[PDB]
Amino acid sequence: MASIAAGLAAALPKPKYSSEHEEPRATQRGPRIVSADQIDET
Amino acid sequence: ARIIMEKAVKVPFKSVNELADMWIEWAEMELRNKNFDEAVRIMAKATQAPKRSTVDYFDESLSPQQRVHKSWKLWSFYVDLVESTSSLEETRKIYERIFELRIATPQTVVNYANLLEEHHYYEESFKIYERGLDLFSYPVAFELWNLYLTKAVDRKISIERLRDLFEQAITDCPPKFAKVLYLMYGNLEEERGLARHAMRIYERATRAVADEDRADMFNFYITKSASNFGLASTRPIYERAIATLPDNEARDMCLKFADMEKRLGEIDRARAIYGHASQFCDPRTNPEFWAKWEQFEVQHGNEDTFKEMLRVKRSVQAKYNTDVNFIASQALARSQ
Amino acid sequence: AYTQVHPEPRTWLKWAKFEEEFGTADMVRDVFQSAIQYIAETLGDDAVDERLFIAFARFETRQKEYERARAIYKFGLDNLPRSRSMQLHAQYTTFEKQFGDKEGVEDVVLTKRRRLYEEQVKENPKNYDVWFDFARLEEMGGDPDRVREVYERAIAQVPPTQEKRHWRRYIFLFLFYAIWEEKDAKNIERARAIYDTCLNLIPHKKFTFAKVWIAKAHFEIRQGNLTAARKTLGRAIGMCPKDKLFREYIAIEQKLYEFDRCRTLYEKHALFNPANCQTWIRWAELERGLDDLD
Amino acid sequence: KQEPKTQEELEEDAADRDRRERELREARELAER
Amino acid sequence: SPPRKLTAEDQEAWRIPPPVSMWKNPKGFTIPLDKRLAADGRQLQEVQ
Amino acid sequence: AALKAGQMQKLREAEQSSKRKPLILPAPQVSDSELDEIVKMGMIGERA
Amino acid sequence: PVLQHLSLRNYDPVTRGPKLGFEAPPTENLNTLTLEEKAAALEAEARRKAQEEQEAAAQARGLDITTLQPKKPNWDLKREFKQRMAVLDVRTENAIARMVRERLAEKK
Amino acid sequence: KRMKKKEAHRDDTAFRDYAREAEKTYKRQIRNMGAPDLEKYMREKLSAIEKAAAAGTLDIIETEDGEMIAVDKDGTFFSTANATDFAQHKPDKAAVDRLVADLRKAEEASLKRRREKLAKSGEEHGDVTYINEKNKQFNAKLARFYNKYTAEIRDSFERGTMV
Ligand SMILES: O=P(O)(O)O[C@H]1[C@H](OP(=O)(O)O)[C@H](OP(=O)(O)O)[C@H](OP(=O)(O)O)[C@@H](OP(=O)(O)O)[C@H]1OP(=O)(O)O
């Protein structure tokens, strides 16, 4: 039913600048404290 | 010498200016013993940075090695060096990297556009002007608009395209620059469009100029409308101006309107205009206005209209016979 | 949680700005796609906001994804109503002026000015200079059926006032429809139909127009229809004589270098008004060149 | 003194020049095909 | 339910004029005469 | 006196900007049509 | 060698830094008139012509036709009209020329 | 951004409702505290990490990358909501002093505005139209409301004539 969202995702080309190696644009002063959701995820 | 500049770079100097001076010293050394490719790659190593870095230049908490990549001394040196010792595409890439690093300046927008115009890329020059125009908001975008609009009119692009540009500047011109922009929009409309369109542009101008320049803009509108059309067509401009303007401006425009109507020969209309201005004007602060109405009545009138004029004059004196107007009149009398 | 409670474009755009500062470009894109999808699935596909589309395209422009930005702008303009994609089109125009090629620049400026003039006509159907400017816009665009439809709507905008001061510009609009379908469309039969409909619509009993008479006279001269041109101007003379009409056909026959027909025309102008010293002097000089001194 | 009007080819845009040379090169390559 | 979002124009539209009575003066105030005659419509009243 | 005069004059200007009344002009005896034939006769005479 | 191998557009060699637009605007380096120098010329011309017109009327006394209606109605209309027929007048002139050639050659 | 912020404050000066006044007051109070001490915040964070690790509500784990990841078994590390011991945070004496001095500063500024407005109301420019202070205040309120309707009658009382 999400026709306009699907059409947008179809019409958009892939980004020509790679982003798979991108860290967050502002780092978090660790240590990371997260939950059992991230236990399950990792 | 190469390794001694290398460890000079590796030294953490006390200031980004010091590290800037050492990097340009290395470049100057190679340029002295001319190695232009090596000097370019040394400046590239100097200004190497991530794609989307926003390191604060004045941050005295990170290393100068980290935060000399956003130094504007290095980038000015680098772009001029590439411009002199390389090609247009390489210089263009350096300019785009400055624009991405967001240390670009309207001077740099104009320099980039001038480089493309000297290499005869007029449309690319226009594109760079557009990029600078949405990078700087308005009161600096006016400097860019000055140069861009003159260059576009000189290049003589399509009239609808030029109309779009002028509406784009007029969208959020402050009044201070709106006078200039509206004058040139009307000038372009006269030289390459239709004078009716130029007149409606001047009407919007009279609405949208500053309060300092509003009477001047109304007078400009009246003169150009009298040149391009009839005085009967300059009548409603006079009516709108004397309906909207402040007190002194309305007095002056009523006097001009009455003179124009007397010149056309409508003595009764001139009398009505003089009566309106007589309502608005206090005799002890407008002696020249009352003298002008006396001149009009002795050149066109009889003693019945003259005694009507004096009845109106002393009625206006009675109306303005207040303490506030006394303060204002005494201040003006002992200031003159 | 905030977008679940307050799903407005305002809060989605705040999230997108947050992720542009503190996240990755992939998460900015995910926030924008989730906003488009959420507002689509709740409010309907035409109720997604041009503010979302503009901000997504501007983020990609910041990322230097010019193709992605162009795709976002084009998709939003194609899938939104124009009354609520006004500002999307304005941003698209500025985008193409910044980064597009030249043909894209006049394409988007053509669409923008076409919509502006359409709004101006929708307010005032009788603004003749607006009609002339949108006429020239369509001629410079070069879409022939569009230009013909624009001129046909302009013709159908008949001035209800019978004042010749408005009929100047209206007949002049007929003159430009003729000039376009003589010089660009090269439709001679259509130009003849233009002139015939103009002659039908002019109230010749009150006022005739030497502009259109001259224009179609020279048009039929260019076509080569001597007899038709002479018949039309003779019908003009028998309908309503005019000083400019007589002077211009005298000049045309003088350039034509014939003698007998222009002699008859000089006689007709003398019959209409014997006081035209210009025509008397011109006929006398022509006879002097003819060396019929008697 | 009347200024001599040296008629430059009313300035040809370098993008148009590059398009012209690219398209004539492509026409030459099509002739080669 | 969540509070109504009001504007300064809503506040101005519901501000209430200070009543000057033509009969009563419990505190014995001295009211300026323009303020005393403001609420009279007999200045408004037109006779043809 | 200067500061009370500035506040004073701003108040008086707000008054006067409200206090203005329109201008009723008499209908001109020579209207645009007879302007058109008088300019037609004038240009005819000067071209003669 | 530095001052001849740099382009000297953004760099300032005597201060060893970037060139400032506060001191040397690029409007100095321009070969043309900016929008404000232009349009200020327009304001000056307008006030000059207005003063000239009022002193001309005052040396004169009243209405003349050439200032009651100085440019003909629809003059922009007629100007852009003949600008659009800057070509078809030449073509109909050549039509008259060839028609004259035809008639004279038929007579001869 | 600066000038749009200044323009927004100028437009938002006038009263709209108490929700806007509360939001403005909170934002101004956050600005007046200024930048938080992230060093003290991080010291408290690490002390809470080791204390909750000792108390068994935090698991220190190492993933395939060999890094310290803390896992809150409950969700009560960051917030004392859902914490059964939320009522035994005894605040620091310096914190209590800082809050008290904040409130004392607010009190002083209100008293200072009270003094200033009493002085400017005690000043009298022009004609006395009142007979006591409450009358003066009421006449000033009347002028604030009604002067836009009584200007012609006021001109008549000044000059002596006309409607
Ligand atoms: O042909 P029309 O639409 O009826 O108007 C014409 C046109 O003048 P306009 O440009 O003011 O409309 C004529 O030709 P031009 O002046 O444009 O060259 C002019 O002819 P003359 O030059 O001989 O004066 C005169 O025609 P005429 O004077 O013979 O009537 C005039 O007619 P009207 O203004 O009276 O309509």
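Chain naming here is simple, since letters A, B, ... match the order of the sequence lines and numbering starts at 1 in each. Every number for a ligand or one of its atoms is a count from 1 in the order of the listing.
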Listed pairs under 3.5 Å, donor-acceptor, residues 55-64 of chain G side chains, sequence neighbours left out:
unit_1	atom_1	unit_2	atom_2	d
G:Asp64	OD1	G:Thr67	N	3.3
G:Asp64	OD1	G:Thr67	OG1	2.3
G:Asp64	OD2	G:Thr66	OG1	3.4

Side-chain polar contacts of residues 216-237 of chain B - donor-acceptor pairs under 3.5 angstrom, sequence neighbours left out - could you list them?
unit_1	atom_1	unit_2	atom_2	d
B:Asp216	OD2	G:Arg47	NH2	3.4
B:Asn219	ND2	B:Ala215	O	3.1
B:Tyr221	OH	B:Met199	O	3.3
B:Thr223	OG1	B:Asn219	O	3.0
B:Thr223	OG1	B:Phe220	O	2.7
B:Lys224	NZ	B:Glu190	OE1	2.9
B:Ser227	OG	B:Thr223	O	3.3
B:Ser227	OG	G:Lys49	NZ	2.4
B:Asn228	OD1	G:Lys71	NZ	2.5
B:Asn228	ND2	B:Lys224	O	2.7
B:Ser233	OG	B:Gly230	N	3.2
B:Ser233	OG	B:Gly230	O	2.4
B:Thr234	OG1	B:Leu231	O	2.7
B:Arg235	NE	B:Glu261	OE2	2.7

Applying a heavy-atom distance cut-off of 4.0 Å, which protein residues contact ligand 1? C:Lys164, C:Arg168, C:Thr208, C:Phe209, C:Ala210, C:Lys211, C:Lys242, C:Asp243, C:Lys244, C:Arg247, F:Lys40, F:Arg47, G:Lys72, G:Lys78
Strictly by side-chain hydrogen bond (donor to acceptor under 3.5 Å, both in side chains), give each pair with a member in residues 149-173 of chain C just once, sequence neighbours left out. C:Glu118-C:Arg153, C:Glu139-C:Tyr151, C:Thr161-C:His166, C:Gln162-C:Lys206, C:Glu163-C:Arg165, C:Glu163-C:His166, C:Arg165-F:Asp36
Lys/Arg cation over aromatic C:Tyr257: G:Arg103, 6.0 Å, 45° cone: no
Residues B:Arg200, B:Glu189: salt bridge by 4.0 Å N-O rule: no
What orientation do C:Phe134 and C:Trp131 show, parallel under 30°, tilted 30 to 60°, or perpendicular over 60°? perpendicular
